[PDB]
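Taking it in order: structure first as structure tokens, then the write-up.
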Amino acid sequence: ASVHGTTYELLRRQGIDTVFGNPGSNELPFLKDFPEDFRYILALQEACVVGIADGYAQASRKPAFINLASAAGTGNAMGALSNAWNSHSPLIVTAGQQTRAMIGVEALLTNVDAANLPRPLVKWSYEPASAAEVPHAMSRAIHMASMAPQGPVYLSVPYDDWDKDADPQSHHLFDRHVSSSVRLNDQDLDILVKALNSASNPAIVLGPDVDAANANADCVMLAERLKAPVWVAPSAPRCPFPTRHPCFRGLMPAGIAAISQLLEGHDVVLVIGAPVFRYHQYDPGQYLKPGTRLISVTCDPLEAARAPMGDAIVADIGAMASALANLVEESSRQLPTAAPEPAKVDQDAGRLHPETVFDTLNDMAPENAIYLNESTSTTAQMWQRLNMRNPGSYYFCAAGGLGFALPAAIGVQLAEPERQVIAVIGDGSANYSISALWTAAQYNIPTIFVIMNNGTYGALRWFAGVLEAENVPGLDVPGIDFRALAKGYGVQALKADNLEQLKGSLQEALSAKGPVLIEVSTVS
Amino acid sequence: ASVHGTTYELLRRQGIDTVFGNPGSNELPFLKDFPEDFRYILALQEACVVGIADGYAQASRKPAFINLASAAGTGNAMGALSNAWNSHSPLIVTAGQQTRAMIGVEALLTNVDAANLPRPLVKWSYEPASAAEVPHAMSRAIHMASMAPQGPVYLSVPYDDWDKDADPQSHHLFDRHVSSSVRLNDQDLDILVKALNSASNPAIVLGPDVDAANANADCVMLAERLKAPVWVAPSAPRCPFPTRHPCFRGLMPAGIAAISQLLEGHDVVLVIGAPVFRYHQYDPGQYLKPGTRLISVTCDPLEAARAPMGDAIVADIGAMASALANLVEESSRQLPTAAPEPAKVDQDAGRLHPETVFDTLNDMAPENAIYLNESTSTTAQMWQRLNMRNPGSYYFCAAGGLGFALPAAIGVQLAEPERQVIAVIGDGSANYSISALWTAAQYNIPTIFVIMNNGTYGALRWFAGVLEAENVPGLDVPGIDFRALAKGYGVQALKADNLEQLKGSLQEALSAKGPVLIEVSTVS
Amino acid sequence: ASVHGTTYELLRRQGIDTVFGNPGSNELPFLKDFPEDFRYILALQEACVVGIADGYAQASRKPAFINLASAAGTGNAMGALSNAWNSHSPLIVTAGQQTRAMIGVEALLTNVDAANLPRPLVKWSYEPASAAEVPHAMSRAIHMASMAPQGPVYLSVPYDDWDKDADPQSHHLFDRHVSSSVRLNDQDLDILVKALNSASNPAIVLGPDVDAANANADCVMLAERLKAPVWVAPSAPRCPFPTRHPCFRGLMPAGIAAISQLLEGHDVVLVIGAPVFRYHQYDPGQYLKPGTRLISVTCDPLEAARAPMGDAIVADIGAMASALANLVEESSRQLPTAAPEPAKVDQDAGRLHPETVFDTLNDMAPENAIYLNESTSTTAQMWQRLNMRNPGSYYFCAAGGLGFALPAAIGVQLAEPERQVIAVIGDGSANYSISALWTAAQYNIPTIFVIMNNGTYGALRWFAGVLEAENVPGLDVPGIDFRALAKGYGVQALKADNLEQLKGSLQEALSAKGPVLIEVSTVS
Ligand SMILES: Cc1ncc(Cn2c(C)c(CCOP(=O)(O)OP(=O)(O)O)sc2=O)c(N)n1
Ligand SMILES: Cc1ncc(Cn2c(C)c(CCOP(=O)(O)OP(=O)(O)O)sc2=O)c(N)n1
Ligand SMILES: Cc1ncc(Cn2c(C)c(CCOP(=O)(O)OP(=O)(O)O)sc2=O)c(N)n1
Ligand SMILES: [Ca+2]
Ligand SMILES: [Ca+2]
Ligand SMILES: [Ca+2]
Ligand SMILES: [Ca+2]
Ligand SMILES: [Ca+2]
Ligand SMILES: [Ca+2]
Ligand SMILES: [Ca+2]
Ligand SMILES: [Ca+2]
Ligand SMILES: [Ca+2]
Ligand SMILES: [Cl-]
Ligand SMILES: [Cl-]
Ligand SMILES: [Cl-]
Ligand SMILES: [Mg+2]
Ligand SMILES: [Mg+2]
């Protein structure tokens with residue numbers, strides 16, 4: 001067998017059946033004779049390719065396979081990889097290299113020092129030393145992406161390798177099963193459970209790796225048993241808990257002092273599946289107040305090492321959440337009472353308040369909708385206003401890199417064809433990966449894109465306000481017609497300049513058979 | 001408090017009380033006011049510093065702390081770090097940097113691009129962005145070295161940082177407990193146990209991480225229950241099993257074909273705490289024969305990813321070995337019978353056969369001796385001839401890097417003051433880290449060094465033989481007087497030119513109160 | 001032809017005829033059939049191999065070729081490479097890699113991520129993607145080491161490559177001539193010359209790249225024409241000027257304030273072949289005083305970029321020094337008068353003052369002796385007391401990394417068989433690369449080693465004094481018998497406990513036919 005045949009068999013045997021890509025000449029020998037059981041999803045720029053694959057992997061809870069055009073294609077995707085690193089997304093990023101005979105002279109399209117190119121944003125990065133090594137290297141890439149803590153990996157392959165003879169002993173790669181589904185030993189787990197049972201006022205903080213593990217329901221059971229309030233760790237890339245469950249307390253502010261104040265009076269704080277903590281703003285103070293002990297369960301040694309406080313356990317989040325949920329006692333304390341409904345913001349017949357948009361989405365969207373957020377100035381109100389009952393219902397750029405939500409919403413919608421995906425994206429953010437719209441049109445992936453148009457980089461204006469920073473250039477983005485951009489890429493386009501029109505536009509979008517973009521005129 | 005005071009308190013609170021070092025000017029501000037409860041162990045060159053620390057960490061089963069002289073000191077230690085990487089040794093390697101005000105001009109002793117210097121031989125490498133970050137970075141270094149899979153880490157600190165004010169919130173670092181003591185979830189563990197119980201002819205292969213975890217006794221119980229032969233994985237850095245236990249079958253040859261042949265007819269092969277596999281010689285063939293299934297338990301995702309065959313489970317070796325030993329059924333098969341005694345090689349009254357040396361050591365050494373091996377041409381016979389009943393009884397350079405055993409034997413002896421350490425080191429290997437002898441003399445660490453002197457790089461001569469390689473230069477090392485070298489560094493020196501003298505020399509060495517070097521004249 | 005045959009022909013055609021090495025199994029297929037016109041120089045540890053090659057390259061003013069044992073051998077040499085980087089030494093460092101078929105499984109002796117290992121201490125680092133690329137990669141290594149600014153490079157070669165068929169088109173590599181012998185364009189050079197001619201009180205500062213270029217005599221002509229005092233830039237790795245020439249003013253102190261004070265009143269300061277500046281101690285103040293303009297000529301863009309003051313010209317030092325020396329006017333100012341003789345330090349009949357040792361060496365050594373310095377506390381007095389009339393007369397570890405002078409002195413002596421080499425090395429420094437002595441013995445390279453024995457790391461004691469740092473551990477190195485160490489490696493050994501004996505020992509050493517080590521008892 002050839003390296004090509006053996007590699008596609010390895011992929012198929014490891015559950016991979018879709019290639020997200022934008023092709024180049026070094027990749028044509030990989031893509032030729034493309035197997036009839038595989039699906040190729042084309043996107044027009046590599047930030048889009050990787051964003052789509054990332055949404056697909058996150059929602060499907062399995063690795064996604066990517067093929068990019070040598071160094072330039074890889075480089076165009078590196079902002080996307082920064083988000084993927086922070087969300088622990090299992091992405092197998094492959095790129096073609098020049099023919100081995102032409103690497104030394106650095107012919108056009110030679111990826112120089114290839115394995116160094118995507119660092120430090122990948123778990124593993126490699127170029128094989130021979131053609132027959134390629135299937136083994138691909139095996140390594142699959143498993144390195146998939147083992148806890150999951151993450152992106154990179155493999156560069158000289159284009160002449162594919163037609164060469166494979167090692168027949170590569171068949172041993174095909175059915176390898178590799179597990180990191182592990183949890184704390186019984187003795188030490190019993191110590192932790194007893195600490196939780198003995199707490200007089202426990203709190204729980206949950207991060208994205210809970211949703212990635214589909215540990216949400218187990219965490220609900222855990223919070224109910226412990227009668228504990230539940231927060232979402234700051235800068236949340238995913239939603240790990242039903243947002244109208246009685247224990248739910250919302251998104252933590254991304255500040256050191258703000259978090260220690262929120263946790264004050266809680267004697268044991270159990271953090272699961274989050275870094276401790278993804279702060280953002282400068283908000284100096286105490287990491288914890290006296291009287292609060294923190295215990296973190298994380299899938300990532302790098303998270304455990306860098307926490308500035310608390311104990312940590314490095315283990316699989318699904319295995320730990322299940323074990324804890326089933327081992328803790330039923331506390332006789334009273335169950336926390338549900339947060340009140342958010343207020344209705346006054347809304348006239350003019351431009352939309354973001355609060356109005358979120359309330360209307362919550363009113364009209366199906367109860368199993370999936371939301372994506374890249375409307376940076378409105379995140380707190382989004383979290384308060386969307387009832388998200390189910391797992392896999394929310395995604396936000398995990399490293400704060402704009403250009404994620406628009407393509408990721410297409411990948412999530414491909415992963416979850418029966419759940420309506422609604423991406424809420426600011427007018428600034430919408431441009432970064434605008435060409436991703438084409439893929440939704442071409443494959444008829446019926447994502448709904450809600451563009452929040454206020455003409456400015458709102459979150460930066462606000463931050464310039466808190467800095468008292470005068471004369472900052474580059475904060476306004478006037479003069480973009482998003483309906484025309486949608487038309488440009490073949491996506492149905494609507495515009496909502498007021499509440500009446502927003503409702504009408506959503507009704508049309510929700511019953512459409514294809515992707516729809518709604519440009520919403522929002523308040524400055 | 002100062003960064004200096006806070007950092008030493010963090011070290012003390014995390015169980016660190018010894019600094020292995022060779023000082024330079026960038027390190028003096030760290031080493032000043034050296035705490036009276038800490039111990040500084042000086043060595044004369046950095047391969048020696050790190051080799052001593054490495055033996056200490058491996059034998060003590062806890063992290064060792066190192067302080068090296070900027071870039072040059074770090075660089076001199078990089079061969080030592082290659083071994084430490086392969087043995088998963090928890091080494092916290094620190095080095096001083098120029099004062100922050102002088103880094104930009106690249107004053108003498110500026111470590112340029114410092115964090116890149118020890119890559120790829122460290123798990124984590126870093127220089128903090130400010131003085132107040134230093135204690136947090138040190139915390140990260142401690143935990144990154146100590147979490148499974150253990151390994152060396154690197155921290156560079158500008159010398160002006162130590163006198164600066166620490167963050168008072170650094171006190172939260174002091175008592176952090178971080179655990180990776182995890183094992184496979186119950187459901188999947190039950191599947192594995194049933195596969196082991198159902199095997200008709202199981203075999204067990206054990207690697208160094210078993211000895212590192214002190215999982216040896218549990219693996220004995222496991223092998224006894226399964227009535228299974230036990231091999232040591234190839235290129236063994238440690239001994240994971242009593243070498244005269246009835247199940248023991250010895251060191252596997254480091255070849256692909258040789259291993260698949262040895263495993264033929266075994267239906268399930270359980271590998272614990274080893275890469276799959278650390279082959280060395282070219283020996284092409286089948287990874288496994290038809291009919292053999294392999295299951296690997298490893299502490300290291302990188303090992304699981306690169307195995308060319310078999311299933312894998314990534315977990316703590318101590319936790320897994322304990323669980324398996326206690327969950328498997330007692331097989332009704334007959335217990336394997338012990339390997340026969342090795343033959344006595346004919347020995348005249350002249351130069352010593354290596355076999356004679358090992359037999360004599362086995363006869364005379366205490367039953368709790370600890371051996372180190374850097375006699376590269378004699379490893380197979382060493383493994384056959386030393387009865388090593390106890391854990392922690394054997395060390396061999398895990399990446400094949402010479403210059404390990406001589407300093408490591410000093411560190412092991414410091415770690416295990418009641419167990420006589422005996423390092424068996426070839427005349428070629430002895431030179432790499434010869435100056436380490438001084439540290440044994442100065443601190444009166446009573447290691448015994450047995451120099452196998454045959455005047456040549458024997459293993460390379462042999463390999464040149466199998467290659468039919470003629471006219472290879474550089475294979476002979478005549479003209480070294482090891483007794484004079486020992487005298488040079490203050491270590492008692494003896495010479496054994498025949499068996500009579502070997503016995504006499506060992507008797508003297510074994511009753512000595514200090515380190516002793518015996519130069520043994522061995523056959524070409 | 002094979003890759004082996006083609007590669008040795010390329011080496012021979014590019015002027016390489018000597019391999020400095022310590023062999024391992026991955027290198028045997030390179031070293032087999034070693035050409036009869038090449039010379040292999042074995043050393044016992046890789047810091048020694050590279051130090052010897054470095055002295056050889058620096059003194060010969062041509063590249064030196066090195067072959068090391070995979071990752072461990074490379075790593076053991078990395079302290080040596082730190083010095084080589086700072087001295088711009090043209091070193092071609094090669095190492096063997098595992099066979100391509102065994103790289104993926106990471107068999108023992110696989111150099112993982114090989115090209116990253118020696119970074120950031122090399123100009124270029126690479127592993128070829130195929131066997132037929134090896135000669136081209138070697139060509140690249142040769143030229144990258146040899147082009148200004150010269151420096152070390154690294155090439156890793158899988159051992160199976162050597163026997164494969166070469167590309168016949170590789171013959172075009174053999175006679176390539178690559179030049180960087182360039183100087184500033186005529187127009188801008190005329191501007192510089194006019195600035196020098198117009199200066200009322202010029203000074204000249206010279207660094208190691210002047211001696212590397214053999215630009216010394218041209219700089220003498222330049223200083224004589226300009227009637228300018230001449231200093232050696234701080235932390236000097238080489239001597240660029242006759243030390244008793246009337247213009248010579250000695251070694252600059254390695255401090256910011258000290259240098260600006262020395263240069264005060266000089267209106268134009270021309271720096272040639274040095275960084276601006278290799279400061280060491282913290283000595284804050286002005287980079288230059290008002291009224292001083294600095295102009296730097298450097299072979300190294302990295303030096304020009306990081307200078308904190310002055311203009312710079314990046315060009316070949318030999319070409320620039322020649323052009324300037326021949327273009328400037330003869331100033332009618334008076335020639336500077338020579339520095340006075342240094343004082344004779346009072347010396348009793350006991351332990352030797354370092355000043356006495358240097359005075360006696362100056363009295364007895366030939367006028368074309370070559371000195372190496374690794375006696376860190378005595379450098380200022382060494383520079384004042386040795387009359388070094390000729391180029392290539394002084395070497396000091398360019399990155400401050402100890403372990404350079406002992407092996408480098410052997411390489412320099414091999415490069416300059418008619419010039420007596422005398423290495424003056426402190427008792428602390430002597431241990432780092434002590435095994436290098438063996439190579440001097442075995443090849444009968446008649447270097448003289450003068451060990452300055454005061455029992456302590458003197459320069460660090462002094463620095464601990466200026467820091468007022470109390471309780472610093474690890475500063476004393478008692479209990480080393482250097483005569484026994486020399487005996488151990490087959491080198492004639494003498495001891496000088498007083499002046500009478502020093503004179504007697506030097507007389508014997510100077511007339512000896514082989515290497516000689518003299519252990520000198522010096523004052524604390
Ligand atoms: C790739 C990239 N570029 C720039 C930014 C910086 N940035 C920018 C430009 C923001 C403004 C986004 O504007 P928007 O219209 O999408 O949303 P808002 O008006 O609600 O802030 S928020 C933010 O962090 C980024 N995070 N990622
Ligand atoms: C740092 C380093 N340098 C070189 C080698 C290569 N090497 C060398 C030089 C060997 C010969 C060791 O000679 P010895 O006298 O210690 O033992 P034997 O005579 O029994 O082989 S075995 C081997 O792998 C190495 N492994 N590590
Ligand atoms: C590899 C390495 N390790 C440690 C140092 C630190 N160091 C050390 C240890 C010095 C003392 C040298 O002692 P010596 O006996 O050779 O000479 P003096 O007594 O004259 O200082 S000077 C110095 O910078 C270094 N520069 N390089
Ligand atoms: Ca109102
Ligand atoms: Ca509502
Ligand atoms: Ca906006
Ligand atoms: Ca016989
Ligand atoms: Ca016996
Ligand atoms: Ca030998
Ligand atoms: Ca006097
Ligand atoms: Ca004199
Ligand atoms: Ca000294
Ligand atoms: Cl358990
Ligand atoms: Cl479980
Ligand atoms: Cl010109
Ligand atoms: Mg990069
Ligand atoms: Mg490196």
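When a ligand or atom number is given, it counts from 1 through the structure's own listing order. Lettering of chains follows the sequences in order, A, B, ..., and the numbering in each one begins at 1. What's counted below: heavy atoms across the whole structure, side chains too, no hydrogens, waters or symmetry copies.
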Scan side-chain atoms only and decide if [X] and [Y] contain a donor-acceptor pair under the 3.5 Å cut-off.
X         : Y         : result
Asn454(B) : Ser524(B) : no
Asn111(C) : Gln97(C)  : no
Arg351(B) : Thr522(B) : no
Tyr40(C)  : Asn67(C)  : no
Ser87(B)  : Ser89(B)  : yes
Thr356(B) : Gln347(B) : yes
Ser156(C) : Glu127(C) : yes

Any N/O of [X] closer than 3.5 Å to an N/O of ligand 2?
X         : value
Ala430(B) : no
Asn76(C)  : no
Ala72(C)  : no
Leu460(B) : no

Open item on the list: What I'd like to find out is whether the side chain of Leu402(B) reaches to under 4.5 Å of the side chain of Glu374(B), using heavy atoms alone.
Closed with: yes
Open item on the list: If you define the side chain from C-beta out and look only at heavy atoms, does anything of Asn22(C) sit under 4.5 Å from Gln45(C)?
Closed with: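 Answer no - side chains too far apart.
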Of the non-hydrogen atoms in [X] and [Y], which two are nearest, and what is the gap between them?
X         : Y         : result
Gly79(B)  : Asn76(C)  : CA-OD1, 3.2 Å
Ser125(C) : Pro118(C) : OG-CG, 3.5 Å
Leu494(B) : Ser505(B) : CD1-O, 3.5 Å
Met320(C) : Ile313(C) : CE-CG2, 4.1 Å

Give the atoms of ligand 2, by number and element, whose distance to some non-hydrogen atom of [X] is under 4.0 Å.
X         : answer
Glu374(B) : 16 (O)
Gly24(C)  : 6 (C)
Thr456(B) : 15 (O), 19 (O)
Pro23(C)  : 4 (C), 6 (C), 9 (C)
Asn454(B) : 19 (O)

TODO: Can you figure out which of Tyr432(B), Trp462(B), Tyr457(B), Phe463(B) has its heavy atom closest to atom 13 (O) of ligand 2?
DONE: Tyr457(B)
- [ ] May I ask which of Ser429(B), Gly21(C), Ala405(B) has a heavy atom nearer to atom 16 (O) of ligand 2 than the others do?
- [x]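 It is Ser429(B) whose heavy atom sits nearest to atom 16 (O) of ligand 2.
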Considering only the protein, which heavy-atom contact is closest to [atom], and what is its distance?
atom                    : result
atom 19 (O) of ligand 2 : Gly458(B) N, 2.8 Å
atom 22 (S) of ligand 2 : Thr376(B) OG1, 3.4 Å
atom 20 (O) of ligand 2 : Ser377(B) OG, 2.6 Å
atom 26 (N) of ligand 2 : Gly400(B) O, 2.7 Å
atom 23 (C) of ligand 2 : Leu402(B) CD1, 4.0 Å
atom 15 (O) of ligand 2 : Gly428(B) N, 2.8 Å
atom 2 (C) of ligand 2  : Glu46(C) OE2, 3.4 Å

Side chain or backbone of [X] under 4.0 Å from ligand 2, or both, or neither, by non-hydrogen atoms?
X         : value
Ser25(C)  : neither
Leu109(C) : neither
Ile425(B) : neither
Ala69(C)  : side chain
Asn22(C)  : side chain

TODO: Give every protein N, O or S atom lying under 3.0 Å from the Ca ion (ligand 7), naming each by residue and atom.
DONE: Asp346(B) OD1, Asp346(B) OD2
Task: Pair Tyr159(C) + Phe30(C): ring centers closer than 6.0 Å - done: no
Open item on the list: Can you pull out every side-chain hydrogen bond (donor to acceptor under 3.5 Å, both in side chains) where at least one residue sits in residues 187-197 of chain C? Sequence neighbours excluded, please.
Closed with: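 For residues 187-197 of chain C: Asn185(C)-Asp188(C).
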Open item on the list: Using side-chain hydrogen bond (donor to acceptor under 3.5 Å, both in side chains), reason through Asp113(C) and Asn116(C) one step at a time and then give a plain yes or no.
Closed with: CA-CA 6 Å; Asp113(C) 205 24; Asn116(C) 277 331; 2.8 Å; yes
- [ ] Could you check whether the rings of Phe277(B) and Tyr279(B) sit parallel, tilted or perpendicular, using 30° and 60° as the cut-offs?
- [x]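 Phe277(B) vs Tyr279(B) ring planes: perpendicular.
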